Structures are given as structure tokens and as C-alpha cells.
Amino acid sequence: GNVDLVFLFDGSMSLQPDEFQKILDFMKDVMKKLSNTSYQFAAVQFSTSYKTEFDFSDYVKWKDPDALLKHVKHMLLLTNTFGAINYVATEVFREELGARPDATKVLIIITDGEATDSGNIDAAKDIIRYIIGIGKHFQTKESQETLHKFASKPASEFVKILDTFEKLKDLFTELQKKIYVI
């Protein structure tokens, strides 16, 4: 059918410049691969606050992933995940911003630490949520369990834990083998 996909990427202070970059490159790889498909994209950066780097309308209008994310400025603050999510839910998946009413709403969260806030994600009930946790902060099984609450059930299917940002490349290779013409 139609897939409206939003990348919710972590731009906290824990990230080294090169790690932030690998996050941006992953997003561009996926978008470059699925260009001219049924997929529509939007990108939202989160730390303390939230910024929509580009919405579904910009994507359709300019279509170039490199131009779309060219002026992203790393925020360097905390990780307010609950707020970031309801923000997407309520401010990004909006028709005025180019979201298609008959589209499946998928949300891919990319983070490197646990959440520095709280609340609930009820506004995001009908959104498919994948969570990609990367790095040292998710070494313990205990810290990996904190992500389960932002992701769709079953977590083993929706939560991805990578030990290095180098692994995001291996994740893209794994994504590519599931690409099929229907």
C-alpha cells in the first residue's frame, strides 16, 4: 500500500561528530534506495527539543535526500524521547504536511541513550514503531529493556540493538536483501 515513514533521530550530546554523521548517512542510504517507490519520508531531530528537518511535502517536492538533510545542525542536548514521539504523532503525521490518509504510519527511532523524560505514547498507538538503540549505553540487558516501551509488540521484532555505529551499515545490507518487486 502506502508507507509514510518518519525517522526520529537522536541528536544528544553523547554523540561524536562522526557518529551523528553515520546516523545521517544511514537515513540517506535507505531513502536513496527507496526513491521513486510508494514510500514517503520525513525527518525529525530530537534532544531536549524537537525539530522537523523536513516533512513529507518537502520530500515529494525536492526529493533529494542530500539536499533535504544538508542543513542539519546537531543539537547537543539531552534525550527527551516521550516528547519527541508525541511530537511526531501530533505534528508530523498531519495532512497539511503531506501525510497520506490511506498510508501506514511507520516511525523509526534512532537513539544512543536512555530517555531523559517521561509520559506516555498513547497518541502514537496506531503507528508502527521500530527502535534502533546504538552503542555503549545499551550494554546491559537492563538498559536494552528501557527501549521496549517505545516500540511495537513484540519487541524482539521491533527493537534493534547495535554495538557500534559501524553496524548501521550491516543493518542496511540486511534491509537490502528484503527488497522485492510485488
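For every residue, the number given is its place in the sequence shown, counted from 1.
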query: Mean C-alpha temperature factor, higher of 137 to 145 and 60 to 68; finding: 137 to 145
query: Mean Cα B-factor comparison, 70 to 78 or 94 to 102, giving the higher one as deposited; finding: 94 to 102
query: Deposited CA B-factor, highest of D25, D10, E19, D170; finding: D170
query: Residue of maximum C-alpha B factor among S118, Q40, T48, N36, per deposited coordinates; finding: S118
query: Modelled-residue ranking by C-alpha temperature factor, third containing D122; finding: highest
query: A155 CA temperature factor, ranked by third within the chain; finding: highest
